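> Structure file structure-v6.cif, mmCIF, C-alpha atoms and all ligand atoms, is pasted below:
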```
data_input
loop_
_atom_site.group_PDB
_atom_site.id
_atom_site.type_symbol
_atom_site.label_atom_id
_atom_site.label_comp_id
_atom_site.auth_asym_id
_atom_site.auth_seq_id
_atom_site.Cartn_x
_atom_site.Cartn_y
_atom_site.Cartn_z
ATOM 1 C CA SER A 42 133.804 128.742 98.297
ATOM 2 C CA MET A 43 135.943 130.770 95.871
ATOM 3 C CA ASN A 44 135.381 132.706 92.684
ATOM 4 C CA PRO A 45 137.783 132.340 89.747
ATOM 5 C CA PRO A 46 139.815 135.321 88.603
ATOM 6 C CA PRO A 47 137.748 137.437 86.254
ATOM 7 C CA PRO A 48 138.292 137.383 82.505
ATOM 8 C CA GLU A 49 141.243 139.519 81.498
ATOM 9 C CA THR A 50 140.636 143.049 80.348
ATOM 10 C CA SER A 51 144.215 143.948 79.445
ATOM 11 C CA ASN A 52 146.979 141.881 77.905
ATOM 12 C CA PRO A 53 149.886 143.402 75.952
ATOM 13 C CA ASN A 54 150.270 140.110 74.077
ATOM 14 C CA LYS A 55 146.839 140.333 72.516
ATOM 15 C CA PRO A 56 146.468 142.155 69.207
ATOM 16 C CA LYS A 57 144.019 144.992 69.177
ATOM 17 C CA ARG A 58 142.946 148.059 67.288
ATOM 18 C CA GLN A 59 140.156 150.559 67.078
ATOM 19 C CA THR A 60 137.502 150.210 64.387
ATOM 20 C CA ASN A 61 134.362 152.246 63.781
ATOM 21 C CA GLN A 62 132.423 149.057 64.471
ATOM 22 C CA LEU A 63 134.036 148.693 67.895
ATOM 23 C CA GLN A 64 133.232 152.337 68.575
ATOM 24 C CA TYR A 65 129.568 151.583 67.797
ATOM 25 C CA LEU A 66 129.707 148.545 70.075
ATOM 26 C CA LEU A 67 130.698 150.850 72.928
ATOM 27 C CA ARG A 68 128.707 153.986 72.233
ATOM 28 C CA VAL A 69 125.505 152.307 71.032
ATOM 29 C CA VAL A 70 125.365 148.665 72.009
ATOM 30 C CA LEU A 71 127.053 148.527 75.402
ATOM 31 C CA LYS A 72 125.639 151.864 76.513
ATOM 32 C CA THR A 73 122.079 150.811 75.596
ATOM 33 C CA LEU A 74 122.267 147.530 77.460
ATOM 34 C CA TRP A 75 124.134 149.014 80.433
ATOM 35 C CA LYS A 76 121.410 151.505 81.303
ATOM 36 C CA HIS A 77 118.544 149.027 80.955
ATOM 37 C CA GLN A 78 116.562 148.315 84.160
ATOM 38 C CA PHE A 79 117.594 144.636 83.879
ATOM 39 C CA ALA A 80 121.319 145.228 83.325
ATOM 40 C CA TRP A 81 122.491 145.066 86.935
ATOM 41 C CA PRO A 82 123.046 141.258 87.253
ATOM 42 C CA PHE A 83 125.249 141.438 84.179
ATOM 43 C CA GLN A 84 127.345 144.482 85.103
ATOM 44 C CA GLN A 85 130.028 142.436 86.867
ATOM 45 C CA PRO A 86 131.174 138.818 87.114
ATOM 46 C CA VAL A 87 128.847 136.402 88.871
ATOM 47 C CA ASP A 88 129.897 136.278 92.534
ATOM 48 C CA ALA A 89 129.167 132.621 93.085
ATOM 49 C CA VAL A 90 130.337 132.861 96.709
ATOM 50 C CA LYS A 91 127.944 135.610 97.801
ATOM 51 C CA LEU A 92 125.106 134.255 95.650
ATOM 52 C CA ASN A 93 125.656 130.736 97.057
ATOM 53 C CA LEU A 94 126.001 129.124 93.655
ATOM 54 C CA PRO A 95 128.878 126.673 94.231
ATOM 55 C CA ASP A 96 128.158 124.829 90.982
ATOM 56 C CA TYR A 97 128.159 127.995 88.826
ATOM 57 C CA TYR A 98 131.790 127.817 87.731
ATOM 58 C CA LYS A 99 131.509 124.053 87.326
ATOM 59 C CA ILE A 100 128.810 124.519 84.638
ATOM 60 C CA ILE A 101 129.975 127.861 83.238
ATOM 61 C CA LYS A 102 133.555 127.412 82.089
ATOM 62 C CA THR A 103 133.712 130.544 79.870
ATOM 63 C CA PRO A 104 132.275 133.276 82.082
ATOM 64 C CA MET A 105 131.510 136.673 80.647
ATOM 65 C CA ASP A 106 129.742 139.786 81.821
ATOM 66 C CA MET A 107 129.184 143.338 80.635
ATOM 67 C CA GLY A 108 131.570 144.815 83.201
ATOM 68 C CA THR A 109 134.323 142.863 81.484
ATOM 69 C CA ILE A 110 133.053 143.809 78.047
ATOM 70 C CA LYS A 111 132.858 147.477 79.008
ATOM 71 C CA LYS A 112 136.457 147.447 80.233
ATOM 72 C CA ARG A 113 137.604 145.573 77.120
ATOM 73 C CA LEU A 114 135.940 148.207 74.929
ATOM 74 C CA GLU A 115 137.270 151.128 76.974
ATOM 75 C CA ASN A 116 140.745 149.567 76.908
ATOM 76 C CA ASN A 117 140.550 148.865 73.163
ATOM 77 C CA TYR A 118 141.225 145.167 73.890
ATOM 78 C CA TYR A 119 139.532 143.806 70.786
ATOM 79 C CA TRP A 120 140.811 143.344 67.254
ATOM 80 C CA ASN A 121 137.374 143.238 65.634
ATOM 81 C CA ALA A 122 133.650 143.476 66.242
ATOM 82 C CA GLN A 123 133.199 139.727 66.051
ATOM 83 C CA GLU A 124 135.331 139.204 69.174
ATOM 84 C CA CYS A 125 133.130 141.588 71.134
ATOM 85 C CA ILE A 126 129.859 140.224 69.730
ATOM 86 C CA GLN A 127 131.062 136.785 70.775
ATOM 87 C CA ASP A 128 131.555 138.014 74.336
ATOM 88 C CA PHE A 129 127.959 139.273 74.461
ATOM 89 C CA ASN A 130 126.699 135.986 73.063
ATOM 90 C CA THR A 131 128.728 134.054 75.633
ATOM 91 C CA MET A 132 127.225 136.106 78.423
ATOM 92 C CA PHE A 133 123.648 135.451 77.276
ATOM 93 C CA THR A 134 124.251 131.771 76.548
ATOM 94 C CA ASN A 135 125.825 131.240 79.972
ATOM 95 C CA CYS A 136 122.709 132.627 81.613
ATOM 96 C CA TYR A 137 120.490 130.268 79.620
ATOM 97 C CA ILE A 138 122.773 127.295 80.266
ATOM 98 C CA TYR A 139 122.850 127.808 84.042
ATOM 99 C CA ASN A 140 119.236 128.843 84.659
ATOM 100 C CA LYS A 141 115.756 127.544 83.848
ATOM 101 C CA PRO A 142 113.305 128.852 81.231
ATOM 102 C CA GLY A 143 111.012 131.465 82.686
ATOM 103 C CA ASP A 144 113.332 132.289 85.555
ATOM 104 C CA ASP A 145 113.562 136.020 86.287
ATOM 105 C CA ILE A 146 117.210 136.167 85.313
ATOM 106 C CA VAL A 147 116.422 134.499 81.980
ATOM 107 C CA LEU A 148 113.636 137.015 81.312
ATOM 108 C CA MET A 149 116.168 139.744 82.080
ATOM 109 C CA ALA A 150 118.733 138.296 79.731
ATOM 110 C CA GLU A 151 116.088 137.954 77.015
ATOM 111 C CA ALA A 152 115.149 141.633 77.323
ATOM 112 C CA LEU A 153 118.769 142.666 77.024
ATOM 113 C CA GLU A 154 119.402 140.245 74.180
ATOM 114 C CA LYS A 155 116.457 141.670 72.213
ATOM 115 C CA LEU A 156 118.009 145.128 72.457
ATOM 116 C CA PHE A 157 121.417 143.731 71.587
ATOM 117 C CA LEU A 158 120.019 142.154 68.432
ATOM 118 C CA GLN A 159 118.221 145.369 67.468
ATOM 119 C CA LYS A 160 121.416 147.367 67.830
ATOM 120 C CA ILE A 161 123.831 144.958 66.148
ATOM 121 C CA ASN A 162 121.437 144.767 63.190
ATOM 122 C CA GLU A 163 122.722 148.266 62.353
ATOM 123 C CA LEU A 164 126.419 147.711 62.918
ATOM 124 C CA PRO A 165 128.073 150.138 60.465
ATOM 125 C CA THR A 166 130.164 149.063 57.515
ATOM 126 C CA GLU A 167 133.851 149.094 58.435
ATOM 127 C CA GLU A 168 135.577 152.338 57.410
HETATM 128 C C1 LIG A 201 124.038 139.695 91.006
HETATM 129 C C2 LIG A 201 123.321 138.535 90.367
HETATM 130 S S1 LIG A 201 124.162 137.739 88.943
HETATM 131 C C3 LIG A 201 122.753 136.623 88.772
HETATM 132 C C4 LIG A 201 121.907 136.902 89.714
HETATM 133 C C5 LIG A 201 122.185 137.874 90.535
HETATM 134 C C6 LIG A 201 121.314 138.349 91.723
HETATM 135 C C7 LIG A 201 120.627 136.114 89.845
HETATM 136 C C8 LIG A 201 119.273 136.798 89.775
HETATM 137 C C9 LIG A 201 118.164 136.210 90.186
HETATM 138 C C10 LIG A 201 116.855 136.964 90.098
HETATM 139 C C11 LIG A 201 116.854 138.197 89.625
HETATM 140 CL CL1 LIG A 201 115.409 139.189 89.565
HETATM 141 C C12 LIG A 201 118.098 138.879 89.179
HETATM 142 C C13 LIG A 201 119.235 138.214 89.262
HETATM 143 N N1 LIG A 201 120.475 134.800 89.267
HETATM 144 C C14 LIG A 201 121.688 133.975 89.262
HETATM 145 C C15 LIG A 201 121.331 132.516 89.267
HETATM 146 C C16 LIG A 201 120.831 132.147 90.669
HETATM 147 O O1 LIG A 201 121.043 132.829 91.638
HETATM 148 N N2 LIG A 201 120.121 130.884 90.759
HETATM 149 C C17 LIG A 201 119.596 130.333 92.022
HETATM 150 C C18 LIG A 201 118.276 131.019 92.404
HETATM 151 C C19 LIG A 201 117.646 130.676 93.522
HETATM 152 C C20 LIG A 201 116.363 131.362 93.886
HETATM 153 C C21 LIG A 201 115.884 132.280 93.113
HETATM 154 C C22 LIG A 201 116.627 132.672 91.824
HETATM 155 N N3 LIG A 201 117.729 132.079 91.512
HETATM 156 C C23 LIG A 201 122.394 134.339 87.987
HETATM 157 N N4 LIG A 201 122.611 133.619 86.911
HETATM 158 N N5 LIG A 201 123.249 134.435 85.929
HETATM 159 C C24 LIG A 201 123.365 135.634 86.513
HETATM 160 C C25 LIG A 201 124.027 136.841 85.827
HETATM 161 N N6 LIG A 201 122.852 135.620 87.784
#
```
Once you've parsed the file, please lay out its structure as structure tokens.
Ligand SMILES: Cc1sc2c(c1C)C(c1ccc(Cl)cc1)=N[C@@H](CC(=O)NCc1ccccn1)c1nnc(C)n1-2

Amino acid sequence: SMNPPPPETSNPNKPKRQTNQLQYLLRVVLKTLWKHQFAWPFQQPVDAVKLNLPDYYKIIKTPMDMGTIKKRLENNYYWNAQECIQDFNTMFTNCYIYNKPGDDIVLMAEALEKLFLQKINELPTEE
């Protein structure tokens, strides 16, 4: 069993910049979700080897996790807020695609996603 390489967190060929919206995504959104009691499964890529999920990366072809997002934000990898919001949405959707309704991990994702929605509702206007 083998895990894929993780999503990239640096790439000099990718355009990037800082925006006040990306700063909010780090200081408000990511921080809020990261500290939540249910954050831990999402703080790093799914280790399909150790979790004994050999089909995970056969169903989930665009993996994402908050460890990756955190590094992307800290590294100023993004060009805009939409790219980062998309990464969060990918992470949640992957969990729902792979798992079953009512599963613990789905309940965890739903709790995080509720907080994500509450925070992105107040994304600031771009300066
Ligand atoms: C470090 C990680 S990452 C992650 C997980 C863990 C531990 C876990 C997880 C499960 C329960 C709770 Cl309380 C917390 C997390 N779920 C996997 C899916 C999975 O193991 N299915 C088979 C199965 C069999 C029996 C019982 C439950 N699931 C998963 N899917 N997306 C993410 C992210 N995970």
> How would you report the residues lying within 9 Å of ligand LIG 201 (chain A), as a PyMOL selection string, if you count all atoms listed in the file?
chain A and resi 79+81-89+91-94+97+106+132-133+135-137+139-141+144-150
> In Å, how far is it from CA of residue 113 in chain A to CA of residue 142 in chain A?
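Result for CA of residue 113 in chain A versus CA of residue 142 in chain A: 29.8 Å, one decimal.
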> For residue 124 in chain A, which residue out of A:153, A:110, A:100, A:138 is the nearest one, using all atoms listed in the file?
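Among A:153, A:110, A:100, A:138, it is A:110 that comes nearest to residue 124 in chain A.
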> In Å, how far is it from CA of residue 71 in chain A to CA of residue 95 in chain A?
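Taking CA of residue 71 in chain A and CA of residue 95 in chain A, their separation equals 28.9 Å.
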> Do a neighbour search on residue 119 in chain A at 12 Å with only C-alpha atoms, toss out local chain neighbours closer than 4 positions, and write the hits as JSON, numbers by chain.
{"A": [49, 50, 51, 52, 53, 54, 55, 56, 57, 58, 59, 60, 62, 63, 64, 66, 67, 109, 110, 111, 112, 113, 114, 115, 123, 124, 125, 126, 127, 128]}
> Keeping C-alpha atoms for every residue in the selection just given, could you write it to a file as a tab-separated table (two decimals), keeping the file's coordinate frame?

```
chain	number	residue	atom	x	y	z
A	49	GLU	CA	141.24	139.52	81.50
A	50	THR	CA	140.64	143.05	80.35
A	51	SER	CA	144.22	143.95	79.44
A	52	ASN	CA	146.98	141.88	77.90
A	53	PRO	CA	149.89	143.40	75.95
A	54	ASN	CA	150.27	140.11	74.08
A	55	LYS	CA	146.84	140.33	72.52
A	56	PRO	CA	146.47	142.16	69.21
A	57	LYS	CA	144.02	144.99	69.18
A	58	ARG	CA	142.95	148.06	67.29
A	59	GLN	CA	140.16	150.56	67.08
A	60	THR	CA	137.50	150.21	64.39
A	62	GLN	CA	132.42	149.06	64.47
A	63	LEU	CA	134.04	148.69	67.90
A	64	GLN	CA	133.23	152.34	68.58
A	66	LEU	CA	129.71	148.54	70.08
A	67	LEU	CA	130.70	150.85	72.93
A	109	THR	CA	134.32	142.86	81.48
A	110	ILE	CA	133.05	143.81	78.05
A	111	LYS	CA	132.86	147.48	79.01
A	112	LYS	CA	136.46	147.45	80.23
A	113	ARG	CA	137.60	145.57	77.12
A	114	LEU	CA	135.94	148.21	74.93
A	115	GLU	CA	137.27	151.13	76.97
A	123	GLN	CA	133.20	139.73	66.05
A	124	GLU	CA	135.33	139.20	69.17
A	125	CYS	CA	133.13	141.59	71.13
A	126	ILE	CA	129.86	140.22	69.73
A	127	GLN	CA	131.06	136.78	70.78
A	128	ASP	CA	131.56	138.01	74.34
```
> Applying the PyMOL selection byres (((chain A and resi 164) around 8) and not hetatm) to the file I just gave you, which residues come out? Please list them as a count of residues only.
9
> Could you tell me how far CA of residue 116 in chain A sits from CA of residue 80 in chain A, in Å to one decimal place?
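Between CA of residue 80 in chain A and CA of residue 116 in chain A the gap is 20.9 Å.
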> The centre and edge lengths of an axis-aligned box containing all atoms of range 80-87 of chain A present in the file, extended by 3 Å on each side, are to be given in Å to one decimal, as JSON.

```
{"center_x": 126.2, "center_y": 140.8, "center_z": 86.1, "size_x": 15.9, "size_y": 14.8, "size_z": 11.5}
```
> Considering only C-alpha atoms, can you say which of A:78, A:73, A:103, A:61 comes closest to residue 47 in chain A?
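Looking at the shortest contact to residue 47 in chain A, the residue is A:103.
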> Hey, which of A:122, A:74, A:43, A:69 ends up closest to residue 99 in chain A? Count only C-alpha atoms.
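Checking each of A:122, A:74, A:43, A:69 against residue 99 in chain A, counting only C-alpha atoms, the winner is A:43.
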> Nearest to residue 152 in chain A: which of A:108, A:77, A:101, A:130 is it, counting only C-alpha atoms?
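Nearest to residue 152 in chain A: A:77.
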